[PDB]
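Read the structure below first, then the notes.
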Amino acid sequence: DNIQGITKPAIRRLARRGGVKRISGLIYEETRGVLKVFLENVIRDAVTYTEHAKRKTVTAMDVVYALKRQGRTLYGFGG
Amino acid sequence: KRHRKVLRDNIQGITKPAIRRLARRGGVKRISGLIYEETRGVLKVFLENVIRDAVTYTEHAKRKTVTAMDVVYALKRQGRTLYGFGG
Amino acid sequence: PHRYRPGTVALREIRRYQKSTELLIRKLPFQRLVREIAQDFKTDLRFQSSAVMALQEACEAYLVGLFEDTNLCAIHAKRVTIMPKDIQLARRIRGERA
Amino acid sequence: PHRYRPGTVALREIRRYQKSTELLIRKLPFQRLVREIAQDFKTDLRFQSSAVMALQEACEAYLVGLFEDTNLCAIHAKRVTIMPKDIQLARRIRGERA
Amino acid sequence: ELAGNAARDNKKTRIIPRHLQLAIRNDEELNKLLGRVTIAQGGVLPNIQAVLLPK
Amino acid sequence: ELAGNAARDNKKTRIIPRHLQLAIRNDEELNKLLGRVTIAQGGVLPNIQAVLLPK
DNA sequence: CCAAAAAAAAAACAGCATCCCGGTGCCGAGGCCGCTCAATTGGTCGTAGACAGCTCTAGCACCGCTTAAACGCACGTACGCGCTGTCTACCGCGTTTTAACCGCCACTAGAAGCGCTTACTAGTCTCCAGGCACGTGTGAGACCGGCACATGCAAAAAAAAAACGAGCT
DNA sequence: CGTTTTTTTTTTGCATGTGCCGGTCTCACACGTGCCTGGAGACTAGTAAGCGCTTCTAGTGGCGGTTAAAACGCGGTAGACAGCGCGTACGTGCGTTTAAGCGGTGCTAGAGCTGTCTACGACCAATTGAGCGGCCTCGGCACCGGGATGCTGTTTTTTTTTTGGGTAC
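Residue numbers (the authors' numbering), protein chains in the order written: chain V, 24 to 102; chain Z, 16 to 102; chain U, 38 to 135; chain Y, 38 to 135; chain W, 64 to 118; chain a, 64 to 118.
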């Protein structure tokens, strides 16, 4: 329901930093299903750290470990 | 000291029919010419990168013989882990 | 009666947006899409605004990276228009999907 | 005389070798090639016979995986013939290639 | 269990490297567990691309 | 050093997350080192392909 | 209707190679044995982490205003895409060449196992400033704003390599 | 041969971005305090590993022969690749629409630190059988030859679509 909030003009801007000139309209659809799959994977694991600390607030340090888990290390928040 | 053997250039030992059989297993139906010396480029960089690491393991262990197990701590380190040679 | 040619502004937007470092997804519509999915693993959850920020950074950065490869897969097909089959391919090779 | 069409024996070879698991580099040239390279870091190194088999399993697989990735990039440029431009691509996405 | 199933499919009493590969690389889950891992003398699964078949 | 440079190049007397990101991907080695790393507020290098530019 | 014709197809025959069979052979699976060491039992002692309590940080809610951004539609351009003609690279098959691989040989580098000696680091307890949380100041950088100038873009004319005749042999 | 062309250079006018001169403002870098805990120090204690000696695994190298794989050339199929034309899916842009962002305040869930207590794991000693190294047998699986059968490619069998002269309507 909130999936869209990632607007067609938002995707456009990512791809333009991604070095893209011309974009099929079929892609805006595609990008959402990809982005969703990425946040699922990362979130899921990130909460798994929260639920093992037994907190109910998810922390920067919970995401950092879950990204570092997924191969995606994030310099900037704790570390 | 030193003894018989100094190096050679076995790079051309990768018979065309050898690289062709790899690609036939890799689902390839047709193969350009420029292919076979392209592959000789990559395969060479692979081993250099594995054997560098494996040699780095032997030197820690102060041997002169590279084990099966030296190759494996490197191959894994280079995210290409192998099952069938211990570890 | 002035008009630009289909592409010459996209290239201006490219030039511009690489040069800059600000988050190109709006911060609320994301922060909801963080909460929405998160409730599927456990309900009644909070989030440090930093840990929202953490996810936007990594998700924008991820897709930036994926668009580059998908761009490369579409050039490789004698194209400049990227397509879904150019994402599908760049993940297949990335080893994200089968 | 008898004569199959170009491609026909290529199919049978695929099926024949995809089926089996035995090494398709000649173990001698390989060994000399492994030795030859081993020297560049330090000369006069002995190798377990498992160690040269360990590498020859690692290398032959990696490449069969590369030719899978490579054959798609080619079909993905609408072609059947794999090419340099395909192995370059595959490696680039893979990040083995800057 | 699957390694054995493949062996018995193969008509073999003995599980062999091939069989481990066959099993792991058909089950989605095991495959994805063993993504960054090589299975000595396993080869690959019979996967010809369907654009490379006969006309 | 590399980022303290790219501050000078943008007449900046303070390093920011961009200046490191540029420093690090304009040294082939460090780049390779931090190959799987994601820097916050980094952005990419200016880079458009040949086939996208004008004739 | 009864032609094409060419294309497109169907199957009929003929041929080649792979699959699955029993007939054969050996070596590696599988097990049994006997022994060493690593898992268990029992007891002791020290502290990791659980629990209850409290502090207070920061995450959630809402609100109203000021745009920055999203949406939406319109018009046409440039690019996706098919189809087609061409041209030679590659696959197929065969004759010619090569040395991999086989089973064994003898040689001995050095891998690995032992025992001793000792110099090195855990472990304690005492002491204290390095480096933390806290709190204050002020100049970098945000942010304009406009002129000016250099970059690149979209046009609208002007020289320069096709199509178009007539028109001799 | 000197006519229509595209269409390839040439001003041509035009719009953004990049400043480099201004100028004002704000909050985050920067630095200062005060105290507390984490590194410094000196002494003790125990064993990890460095050293010298031995065992004997296993890694090397060379032979000689068999014949499987490497090589090379010829020929033509078929696939790469360019060219060209037809269609609309995208981009550009200005107009309308939304709701994000900002700065603010109100509320308290829960993050997080503190002092207490005791359950559980390390630690330490003795036992004792689990699981190892070694040894030995026989049946699974490699090997081979022979035959059935699926499967490819080349002819022939026929059967359509681009086209083609008669026929009434």
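For every residue, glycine included, the Cβ atom is placed at its ideal position computed from N, Cα and C.
- Nearest CB-CB separation between Z:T96 and chain Y: not below the 7 Å threshold.
- Look at V:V86 here: in three-state DSSP terms it is helix.
- Counting the other CB atoms within 10 Å of its CB gives a:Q112 a total below 16, which places it among the exposed residues.
- The beta-carbon of V:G48 is placed no less than 7 Å from the nearest beta-carbon of chain U.
- Chain order gives the chain Y residues near U:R129 as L109, where near means a beta carbon separation below 7 Å.
- Proximity of U:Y41 to chain V, defined by a Cβ-Cβ separation below 7 Å, is not satisfied.
- If you draw a 10 Å sphere on the C-beta of U:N108, you find 16 or more other C-beta atoms in it, and that means buried.
- Collapsing the DSSP output to three states places V:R45 in a strand.
- When secondary structure is reduced to three states using DSSP, V:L97 falls in the strand class.
- In this structure, U:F104 is the residue among U:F104, U:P121, U:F84 and U:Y41 with its C-alpha nearest to the C-alpha of Y:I130.
- Proximity of Z:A76 to chain Y, defined by a Cβ-Cβ separation below 7 Å, is not satisfied.
- For the region 43 to 68 of chain Y, the residues whose beta carbon sits under 9 Å from a beta carbon of chain W are, in order, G44, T45, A47, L48, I51, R52, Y54, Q55, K56, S57, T58, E59 and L60.
- Z:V81 counts as buried, since no fewer than 16 other beta carbons sit within 10 angstroms of its beta carbon.
- a:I78 is not bridged by DSSP to any residue.
- Between V:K79 and U:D81 a beta carbon distance of about 6 Å is seen, short of the 8 Å cut, so the two are scored as contacting.
- For Z:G101, the number of other beta carbons within 10 angstroms of its own is below 16, and it is reported as exposed.
- With contacts defined by Cβ atoms closer than 7 Å, Z:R39 and Y:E50 form a contacting pair.
- Take the alpha-carbon of Y:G132 and the one of U:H39: they are about 44 Å apart.
- If you draw a 10 Å sphere on the C-beta of Y:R53, you find fewer than 16 other C-beta atoms in it, and that means exposed.
- Contact check for Y:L100 against Z:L37 passes: the beta carbons are separated by less than 7 Å.
- Taking each of V:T96, V:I34 and V:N25 in turn and checking the Cα distance to V:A69, the smallest one comes out for V:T96.
- Beta-bridge partners of Z:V81 (DSSP): Y:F84.
- By the CB criterion at 7 Å, U:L60 and U:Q85 fall outside the cutoff.
- In terms of Cβ geometry, a:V114 and U:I112 form a close pair [threshold 7 Å].
- The three-state reading of DSSP puts W:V100 in strand, counting E and B together.
- By the neighbour-count criterion, in which a residue is buried when 16 or more other Cβ atoms sit within 10 angstroms of its Cβ, V:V65 is buried.
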